[PDB]
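The sequence shown begins at 4 in the deposited numbering and counts up by one. We put the CB at the ideal spot given by N, CA and C, even for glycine. Remarks on the structure that follows.
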Amino acid sequence: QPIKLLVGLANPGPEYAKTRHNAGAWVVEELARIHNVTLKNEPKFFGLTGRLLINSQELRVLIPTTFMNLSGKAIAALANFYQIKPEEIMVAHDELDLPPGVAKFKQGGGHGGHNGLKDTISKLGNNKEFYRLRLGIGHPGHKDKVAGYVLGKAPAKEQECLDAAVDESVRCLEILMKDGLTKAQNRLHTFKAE
């Protein structure tokens, strides 16, 4: 299984913690919670880091403390220090083109206007071929409203769906480490929060 680093994108601070644009960090926080990992503030990697052993494999984890649009600064710093190539990184993030309650694994693709993904591609040497954990957040009707949408808080029923999709995503990451990507991706891709 190809993943050595899991990144959860977010904006820093308590104010953003429950905004849609922090969905990727929710995943890393819950994986770390379940595995008794205390993330450590490491200014050298511009984020919160940790390392966890699952099925005899070390997974490193990162939540940047950069602005979202400078997320690649943290990811490249850490990845280069540990000799981790982009193809070995999975970046969990909010996904406009999937609904609340769904998540998917994918390798590659565009940034979809996501500022964090856009920076990550750039700082990794214009390499799109890192993996993604796409956490559906829905989208508004018009382009110009996306920013205000992703920096908002989901209403309660949506947040329930989000939280369930995070739980499942954590379960499927553990499956990815135990059993590989095809099994984990098969499960996640037929999940829909109840």
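query	result
Opposing strand residues paired with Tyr85 [DSSP bridges]	For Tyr85, which the question treats as bridged, DSSP gives no partner whatsoever.
Distance CB(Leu8)-CB(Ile124) smaller than 8 Å	no
Contact belief for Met180 with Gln86 at Cβ below 8 Å, rounded distance in angstroms	With a Cβ gap of about 20 Å, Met180 and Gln86 do not count as contacting.
Collapsed DSSP secondary structure at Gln60 in the structure displayed	strand
Reference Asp170, options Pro103, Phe49, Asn44 and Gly141, closest by Cα	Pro103
Segment contact flag, the region 44 to 56 with the region 94 to 103, C-beta cutoff 8 Å, min 3 pairs	no
Beta-carbon gap between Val30 and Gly16 smaller than 8 Å	no
Short Cβ contact (8 Å threshold) for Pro5 with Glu90	yes
Buried/exposed call for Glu32, threshold 16 Cβ in 10 Å	buried
Chain-order list of residues whose beta-carbon lies under 8 Å from that of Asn58 (same chain, five-residue window excluded)	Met180 and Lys181
8 Å Cβ cutoff met for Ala157 and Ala196	no
Stretch-stretch touch, CB-based, cutoff 8 Å, three pairs: the region 71 to 85 with the region 112 to 123	yes
Three-state class that DSSP yields for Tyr19 in the structure shown	coil
Proximity below 8 Å, CB of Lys107 to CB of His192	yes
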